Amino acid sequence: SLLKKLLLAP
Amino acid sequence: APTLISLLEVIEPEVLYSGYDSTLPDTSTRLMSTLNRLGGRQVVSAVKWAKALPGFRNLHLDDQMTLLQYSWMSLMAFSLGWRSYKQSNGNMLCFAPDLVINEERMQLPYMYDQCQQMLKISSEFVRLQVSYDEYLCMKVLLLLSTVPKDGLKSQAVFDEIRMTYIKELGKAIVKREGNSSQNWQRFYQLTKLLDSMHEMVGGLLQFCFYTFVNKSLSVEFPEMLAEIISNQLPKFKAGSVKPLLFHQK
Ligand SMILES: C[C@]12C=CC(=O)C=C1CC[C@@H]1[C@@H]2[C@@H](O)C[C@@]2(C)[C@H]1CC[C@]2(O)C(=O)CO
(Lines give C-alpha, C1' and ligand atoms only; values in the text may rest on other atoms or scores of the structure.)
Protein backbone atom coordinates (compact mmCIF):
# COMPACT_ATOMS: atom_id res chain seq x y z
CA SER A 1 0.00 0.00 0.00
CA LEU A 2 1.39 3.39 -1.05
CA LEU A 3 -0.04 5.14 2.02
CA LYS A 4 1.44 2.49 4.33
CA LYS A 5 4.83 2.74 2.59
CA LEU A 6 4.85 6.51 3.06
CA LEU A 7 3.86 6.29 6.73
CA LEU A 8 6.74 3.87 7.37
CA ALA A 9 9.35 5.80 5.37
CA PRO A 10 11.95 8.24 6.80
CA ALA B 1 10.05 26.65 25.95
CA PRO B 2 8.53 25.77 22.58
CA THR B 3 4.74 25.70 22.39
CA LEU B 4 2.60 23.21 20.51
CA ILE B 5 1.23 26.02 18.34
CA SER B 6 4.74 27.19 17.42
CA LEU B 7 5.45 23.66 16.19
CA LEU B 8 2.24 23.56 14.10
CA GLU B 9 3.47 26.70 12.35
CA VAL B 10 6.87 25.22 11.51
CA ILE B 11 5.63 21.83 10.25
CA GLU B 12 2.98 23.30 7.94
CA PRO B 13 3.93 22.34 4.36
CA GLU B 14 4.62 24.93 1.72
CA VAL B 15 1.98 25.34 -0.98
CA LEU B 16 2.29 23.17 -4.11
CA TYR B 17 2.18 24.32 -7.71
CA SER B 18 -0.11 22.66 -10.23
CA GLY B 19 1.86 22.80 -13.47
CA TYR B 20 -1.46 23.04 -15.32
CA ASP B 21 -1.16 23.59 -19.08
CA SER B 22 -2.62 26.84 -20.41
CA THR B 23 -2.31 25.71 -24.00
CA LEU B 24 -5.13 23.17 -24.17
CA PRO B 25 -8.57 24.83 -24.17
CA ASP B 26 -10.24 24.04 -20.87
CA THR B 27 -12.55 21.04 -20.62
CA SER B 28 -14.25 19.79 -17.46
CA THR B 29 -12.52 16.40 -17.77
CA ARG B 30 -9.06 17.93 -18.22
CA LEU B 31 -9.60 20.34 -15.33
CA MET B 32 -10.83 17.69 -12.90
CA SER B 33 -7.96 15.35 -13.84
CA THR B 34 -5.50 18.19 -13.26
CA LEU B 35 -7.10 18.94 -9.89
CA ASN B 36 -6.89 15.28 -8.89
CA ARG B 37 -3.18 15.18 -9.79
CA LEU B 38 -2.65 18.21 -7.57
CA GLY B 39 -4.81 16.65 -4.85
CA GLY B 40 -2.72 13.47 -4.84
CA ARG B 41 0.45 15.49 -4.32
CA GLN B 42 -1.25 17.54 -1.60
CA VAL B 43 -2.29 14.31 0.13
CA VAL B 44 1.32 13.10 0.04
CA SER B 45 2.24 16.43 1.66
CA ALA B 46 -0.47 15.91 4.29
CA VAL B 47 0.84 12.44 5.19
CA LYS B 48 4.31 13.89 5.76
CA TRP B 49 2.69 16.60 7.89
CA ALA B 50 0.80 14.03 9.96
CA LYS B 51 4.01 12.08 10.60
CA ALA B 52 5.53 15.31 11.98
CA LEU B 53 2.41 16.30 13.98
CA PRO B 54 3.29 15.88 17.69
CA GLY B 55 1.45 12.84 19.07
CA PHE B 56 0.19 11.38 15.80
CA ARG B 57 2.93 8.72 15.71
CA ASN B 58 1.67 7.48 19.10
CA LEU B 59 -1.29 5.93 17.28
CA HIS B 60 -1.31 2.37 16.04
CA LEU B 61 -0.23 2.32 12.40
CA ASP B 62 -3.67 1.05 11.38
CA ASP B 63 -5.33 4.03 13.08
CA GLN B 64 -2.91 6.41 11.37
CA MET B 65 -4.06 4.97 8.05
CA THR B 66 -7.75 5.07 9.02
CA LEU B 67 -7.64 8.72 10.08
CA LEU B 68 -5.83 9.90 6.95
CA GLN B 69 -8.08 7.87 4.63
CA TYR B 70 -11.25 9.11 6.33
CA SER B 71 -10.36 12.82 6.64
CA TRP B 72 -8.28 13.62 3.54
CA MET B 73 -11.04 15.52 1.73
CA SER B 74 -11.83 17.62 4.81
CA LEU B 75 -8.14 18.49 5.14
CA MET B 76 -7.83 19.41 1.44
CA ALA B 77 -11.01 21.48 1.32
CA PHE B 78 -10.19 23.30 4.58
CA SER B 79 -6.73 24.23 3.31
CA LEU B 80 -8.17 25.31 -0.03
CA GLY B 81 -10.58 27.51 1.93
CA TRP B 82 -7.67 29.05 3.84
CA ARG B 83 -5.60 29.74 0.72
CA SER B 84 -8.64 31.24 -1.01
CA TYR B 85 -9.28 33.41 2.06
CA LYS B 86 -5.71 34.70 2.36
CA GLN B 87 -5.05 35.13 -1.36
CA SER B 88 -8.43 36.42 -2.53
CA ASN B 89 -10.63 37.09 0.55
CA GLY B 90 -12.82 34.20 -0.61
CA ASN B 91 -13.60 35.60 -4.06
CA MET B 92 -11.69 32.98 -6.09
CA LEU B 93 -10.72 29.35 -5.61
CA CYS B 94 -6.96 29.45 -5.17
CA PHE B 95 -6.05 25.81 -5.78
CA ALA B 96 -2.37 26.63 -6.43
CA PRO B 97 -0.33 29.77 -7.18
CA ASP B 98 -0.52 28.73 -10.85
CA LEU B 99 -4.15 27.48 -10.79
CA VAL B 100 -6.87 29.97 -9.82
CA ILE B 101 -10.52 29.32 -10.69
CA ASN B 102 -12.71 32.40 -11.07
CA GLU B 103 -16.42 32.54 -11.81
CA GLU B 104 -15.80 32.29 -15.56
CA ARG B 105 -14.10 28.89 -15.47
CA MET B 106 -16.75 27.65 -13.02
CA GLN B 107 -19.08 27.46 -16.05
CA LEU B 108 -17.65 24.23 -17.47
CA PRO B 109 -19.80 21.11 -17.01
CA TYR B 110 -19.94 19.91 -13.38
CA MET B 111 -17.72 22.74 -12.17
CA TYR B 112 -20.22 25.33 -10.93
CA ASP B 113 -21.90 23.44 -8.09
CA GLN B 114 -18.77 21.92 -6.57
CA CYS B 115 -16.99 25.29 -6.84
CA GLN B 116 -19.83 27.00 -4.98
CA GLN B 117 -19.47 24.38 -2.25
CA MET B 118 -15.73 25.05 -2.00
CA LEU B 119 -16.32 28.82 -1.90
CA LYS B 120 -18.76 28.43 1.00
CA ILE B 121 -15.94 26.95 3.07
CA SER B 122 -13.75 29.96 2.26
CA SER B 123 -16.70 32.25 3.05
CA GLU B 124 -16.65 30.95 6.64
CA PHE B 125 -13.02 32.00 7.14
CA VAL B 126 -14.05 35.51 5.97
CA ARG B 127 -17.12 35.61 8.19
CA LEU B 128 -15.19 34.57 11.30
CA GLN B 129 -11.89 36.32 10.47
CA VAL B 130 -10.04 33.14 11.42
CA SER B 131 -6.44 33.59 12.59
CA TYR B 132 -3.59 31.48 11.25
CA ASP B 133 -3.12 29.72 14.58
CA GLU B 134 -6.85 29.03 14.93
CA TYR B 135 -6.80 27.55 11.42
CA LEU B 136 -3.80 25.33 12.21
CA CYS B 137 -5.43 23.91 15.38
CA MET B 138 -8.75 23.40 13.60
CA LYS B 139 -6.97 21.56 10.78
CA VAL B 140 -5.48 19.08 13.28
CA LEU B 141 -8.91 18.54 14.75
CA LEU B 142 -10.26 17.71 11.27
CA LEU B 143 -7.65 14.93 10.95
CA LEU B 144 -9.07 13.65 14.28
CA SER B 145 -12.79 14.10 13.62
CA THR B 146 -13.93 11.11 11.49
CA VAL B 147 -13.66 7.60 12.95
CA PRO B 148 -15.10 4.10 12.56
CA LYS B 149 -18.35 3.55 14.41
CA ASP B 150 -16.75 0.47 16.01
CA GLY B 151 -13.72 2.37 17.34
CA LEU B 152 -9.97 2.65 16.82
CA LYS B 153 -7.28 0.12 17.74
CA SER B 154 -5.50 2.61 20.03
CA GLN B 155 -8.58 4.41 21.34
CA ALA B 156 -7.07 5.73 24.56
CA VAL B 157 -4.09 7.22 22.72
CA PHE B 158 -6.47 8.84 20.22
CA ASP B 159 -8.64 10.30 22.98
CA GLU B 160 -5.54 11.85 24.58
CA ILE B 161 -4.32 13.40 21.29
CA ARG B 162 -7.74 14.82 20.46
CA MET B 163 -8.20 16.41 23.91
CA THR B 164 -4.70 17.87 23.64
CA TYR B 165 -5.51 19.68 20.41
CA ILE B 166 -8.94 20.79 21.65
CA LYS B 167 -7.07 22.58 24.42
CA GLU B 168 -4.60 23.95 21.85
CA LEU B 169 -7.50 25.50 19.93
CA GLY B 170 -8.48 27.24 23.18
CA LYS B 171 -4.91 28.53 23.49
CA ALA B 172 -5.01 29.85 19.92
CA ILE B 173 -8.24 31.71 20.73
CA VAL B 174 -6.71 33.36 23.79
CA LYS B 175 -3.67 34.42 21.75
CA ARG B 176 -5.90 35.99 19.09
CA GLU B 177 -7.83 38.03 21.66
CA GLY B 178 -6.56 41.06 23.54
CA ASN B 179 -8.20 39.69 26.66
CA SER B 180 -11.03 37.27 27.47
CA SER B 181 -14.31 39.13 26.86
CA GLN B 182 -15.43 36.55 24.28
CA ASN B 183 -13.14 33.49 24.53
CA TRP B 184 -16.03 31.09 25.12
CA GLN B 185 -18.13 32.67 22.36
CA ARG B 186 -15.18 32.27 19.99
CA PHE B 187 -14.63 28.63 20.96
CA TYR B 188 -18.35 28.01 20.39
CA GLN B 189 -18.18 29.58 16.94
CA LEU B 190 -15.09 27.66 15.84
CA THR B 191 -16.37 24.29 17.10
CA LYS B 192 -19.65 25.00 15.30
CA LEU B 193 -17.54 25.55 12.18
CA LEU B 194 -15.71 22.26 12.73
CA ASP B 195 -19.05 20.46 13.13
CA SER B 196 -20.35 22.07 9.94
CA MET B 197 -17.34 20.89 7.90
CA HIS B 198 -18.75 17.35 7.75
CA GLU B 199 -21.79 18.54 5.79
CA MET B 200 -19.90 21.23 3.86
CA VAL B 201 -17.51 18.68 2.35
CA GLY B 202 -20.02 15.84 2.01
CA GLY B 203 -21.10 16.96 -1.45
CA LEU B 204 -17.49 17.20 -2.57
CA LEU B 205 -16.81 13.67 -1.35
CA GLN B 206 -19.92 12.24 -3.01
CA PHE B 207 -18.94 13.87 -6.32
CA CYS B 208 -15.40 12.53 -5.93
CA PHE B 209 -16.87 9.06 -5.31
CA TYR B 210 -19.05 9.31 -8.44
CA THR B 211 -16.21 10.46 -10.70
CA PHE B 212 -14.02 7.71 -9.26
CA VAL B 213 -16.48 4.85 -9.86
CA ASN B 214 -18.06 6.09 -13.12
CA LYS B 215 -15.34 5.24 -15.61
CA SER B 216 -17.60 6.74 -18.31
CA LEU B 217 -16.59 10.30 -17.39
CA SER B 218 -12.86 9.68 -18.08
CA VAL B 219 -11.67 11.61 -15.00
CA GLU B 220 -8.19 10.44 -13.99
CA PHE B 221 -6.93 9.91 -10.43
CA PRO B 222 -3.33 9.39 -9.29
CA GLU B 223 -2.31 6.11 -7.71
CA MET B 224 -2.21 7.07 -4.05
CA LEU B 225 -5.52 8.94 -4.24
CA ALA B 226 -7.14 5.99 -6.01
CA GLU B 227 -5.94 3.60 -3.29
CA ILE B 228 -7.26 5.88 -0.54
CA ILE B 229 -10.67 6.37 -2.16
CA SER B 230 -11.04 2.65 -2.88
CA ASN B 231 -10.64 1.99 0.86
CA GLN B 232 -12.65 4.96 2.13
CA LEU B 233 -15.59 4.68 -0.25
CA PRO B 234 -17.14 1.34 0.89
CA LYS B 235 -16.87 2.35 4.56
CA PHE B 236 -18.55 5.71 3.97
CA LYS B 237 -21.35 4.37 1.76
CA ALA B 238 -22.09 1.56 4.25
CA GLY B 239 -22.58 4.03 7.11
CA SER B 240 -19.73 2.58 9.18
CA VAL B 241 -18.11 5.97 9.87
CA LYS B 242 -19.11 8.75 12.21
CA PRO B 243 -18.14 12.37 12.79
CA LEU B 244 -17.00 13.45 16.25
CA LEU B 245 -19.25 16.46 16.88
CA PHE B 246 -18.83 19.10 19.57
CA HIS B 247 -22.51 20.13 19.59
CA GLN B 248 -25.85 18.36 19.38
CA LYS B 249 -26.91 17.58 15.79
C1 LIG C 1 -8.42 17.51 -3.44
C2 LIG C 1 -8.69 18.80 -4.22
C3 LIG C 1 -7.35 19.19 -4.92
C4 LIG C 1 -6.59 20.21 -4.67
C5 LIG C 1 -6.99 21.28 -3.71
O6 LIG C 1 -6.41 22.35 -3.61
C7 LIG C 1 -8.20 20.91 -2.88
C8 LIG C 1 -9.01 19.84 -3.06
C9 LIG C 1 -10.54 19.73 -2.59
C10 LIG C 1 -11.61 19.42 -3.64
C11 LIG C 1 -11.22 18.21 -4.49
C12 LIG C 1 -9.88 18.51 -5.24
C13 LIG C 1 -9.54 17.46 -6.39
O14 LIG C 1 -9.09 16.26 -5.92
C15 LIG C 1 -10.84 17.21 -7.31
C16 LIG C 1 -12.11 16.84 -6.54
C17 LIG C 1 -11.96 15.46 -5.91
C18 LIG C 1 -12.31 17.91 -5.55
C19 LIG C 1 -13.83 17.70 -5.04
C20 LIG C 1 -14.62 17.16 -6.26
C21 LIG C 1 -13.51 16.91 -7.37
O22 LIG C 1 -13.47 17.97 -8.29
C23 LIG C 1 -13.65 15.61 -8.20
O24 LIG C 1 -14.32 14.69 -7.75
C25 LIG C 1 -12.96 15.44 -9.59
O26 LIG C 1 -12.83 14.11 -9.95
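Only this structure's heavy atoms are used, side chains among them; waters, hydrogens and symmetry mates stay out. We name chains A, B, ... by the order of the sequence lines, and we start the count at 1 in each one. Atoms within each ligand, like the ligands themselves, are counted from 1 in listed order.
- Looking at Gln155(B), its side chain does come within 3.5 Å of a backbone N or O of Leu152(B) through a donor-acceptor pair.
- For atom 16 (C) of ligand 1, the nearest non-hydrogen atom of the protein is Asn36(B) OD1, 3.8 Å.
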Test side chain to side chain donor-acceptor pair (under 3.5 Å) applied to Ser18(B) and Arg37(B), step by step: CA-CA 8 Å; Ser18(B) 164; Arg37(B) 278 192 306 276; over 6 Å; no

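- In this structure, atom 6 (O) of ligand 1 lies nearest to the protein heavy atom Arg83(B) NH2, 2.7 Å.
- Ranking protein heavy atoms by distance to atom 8 (C) of ligand 1, first place goes to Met76(B) CB, 3.7 Å.
- The atoms of ligand 1 that sit less than 4.0 Å from any heavy atom of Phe207(B) are 20 (C), 23 (C), 24 (O).
- Numbered from 1 in the order shown, with element, the atoms of ligand 1 that lie under 4.0 Å from a heavy atom of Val219(B) read 26 (O).
- Interface of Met32(B) with ligand 1, defined as ligand atoms under 4.0 Å from a residue heavy atom, comprises 25 (C).
- At least one N/O-N/O distance between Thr211(B) and ligand 1 falls below 3.5 Å.
- The closest approach between a heavy atom of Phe221(B) and any atom of ligand 1 is below 4.0 Å.
- There is no side-chain donor-acceptor pair under 3.5 Å between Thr164(B) and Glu168(B).
- Annotation for ligand 1: atoms under 4.0 Å from non-hydrogen atoms of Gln114(B) are 19 (C), 20 (C), 21 (C), 22 (O).
- Nearest protein heavy-atom contact of atom 5 (C) of ligand 1 is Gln42(B) OE1, 3.1 Å.
- The nearest protein heavy atom to atom 12 (C) of ligand 1 is not closer than 4.0 Å.
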Mind running salt bridge (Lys or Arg N to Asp or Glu O under 4.0 Å) on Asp133(B) and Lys175(B) for me, showing each step along the way? CA-CA 9 Å; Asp133(B) 290 337; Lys175(B) 314 323 161 103; over 6 Å; no

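- The closest side-chain donor-acceptor pair between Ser181(B) and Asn179(B), if any, does not fall under 3.5 angstrom.
- Annotation: cation-pi pair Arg176(B)/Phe187(B) absent, no NZ/CZ under 6.0 Å from the ring centroid and within 45° of its normal.
- Here the two rings, on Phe78(B) and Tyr135(B), have centers that are under 6.0 Å apart.
- Scanning the protein for heavy atoms near atom 24 (O) of ligand 1, the closest one is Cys208(B) CA, 3.0 Å.
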I would like to know whether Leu193(B) and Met200(B) meet side chain to side chain contact (heavy atoms under 4.5 Å, CB included); could you show each step before the answer? CA-CA 10 Å; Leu193(B) 173 61; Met200(B) 282 197 293; 3.8 Å; yes

